[PDB]
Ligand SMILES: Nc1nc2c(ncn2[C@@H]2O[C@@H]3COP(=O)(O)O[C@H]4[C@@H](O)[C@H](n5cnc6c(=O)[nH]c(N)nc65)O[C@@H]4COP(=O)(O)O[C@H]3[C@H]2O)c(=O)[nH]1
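Only one chain comes next, encoded as structure tokens, the form solved without the named molecule.
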């Protein structure tokens, strides 16, 4: 029994499925994008969330082909429904460290964007600060080519002081994520509020967009809107959903 051969079997059998989590403007309104999350629809185990297998797939050496297949499925799922997406609609992916160490990522992005009318979507790739600190000439070239396509880069797991500012500036990152762990402590923990304020301050300094994760309550939403946070995701906005559910909801929003 080979876990790595099982992952390859699964990939060939199209068991890795995109689930779509909506992003909302901080001030409310129609969804402005989705973040794509890879689930494994395992015939015996049921639906498995990515934190339960992505780390192993990275170790196995399979994460890039899996992410490529995911990007391909999203093009097939949404590229024929551009009329349901308001121009500029964001489509976000979590990109693994190994995918960042290659230039094939540029071609993967170029292909996904070609499935929609030019400029119609904004592709957003989410990386960690480690990918900026542990960078090389490949990184420099990758970020420059992706930016020239109109791809935007979002960063998680970052510092907020002048040392981190230098990396964010060098690579001309576009967005910061607010981790759910800070959002969950809005109104309950003073320090967390200070951390959140520090992230907002860095964003203002570098003119970055902010996506806040794990937004579950109206209190959290209003706190974050009060600080100009651009985009929200979490239970309040909606859980990750299968394509059928997304299309149903988009149809409704196009009608209003």
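Just so we're on the same page, rigid core means the largest C-alpha set that superposes within 1.5 Å between forms. Numbering follows the first chain given and starts at 1.
Quick note: we don't show the form solved in complex with the named molecule, though the next part is all about it.
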property: 4.5 Å heavy atom contact, residue 127 to the named molecule in the entry with it bound; result: no
property: 4.5 Å heavy atom contact, residue 25 and the named molecule in the entry with it bound; result: no
property: Partner contact for residue 96 in the entry with it bound: the named molecule, 4.5 angstroms, heavy atom; result: yes
property: Non-hydrogen atom contact residue 45 with the named molecule in the entry with it bound at 4.5 angstroms; result: no
property: One stretch from 34 to 42, 203 to 211, 222 to 230, 190 to 198 that, in the entry with it bound, holds residues within 4.5 Å of the named molecule by heavy atom; result: 34 to 42
property: Position with Cα shift of 2 Å or more, rigid core superposed between the shown form and the other one, options 97, 133, 82, 114; result: 133
property: Distance trend in the entry with it bound - C-alpha atoms of residue 73 and residue 138, change of 3 Å or more; result: farther
property: Direction of Cα pair change residue 59-residue 135 in the entry with it bound, magnitude 3 angstroms or more; result: closer
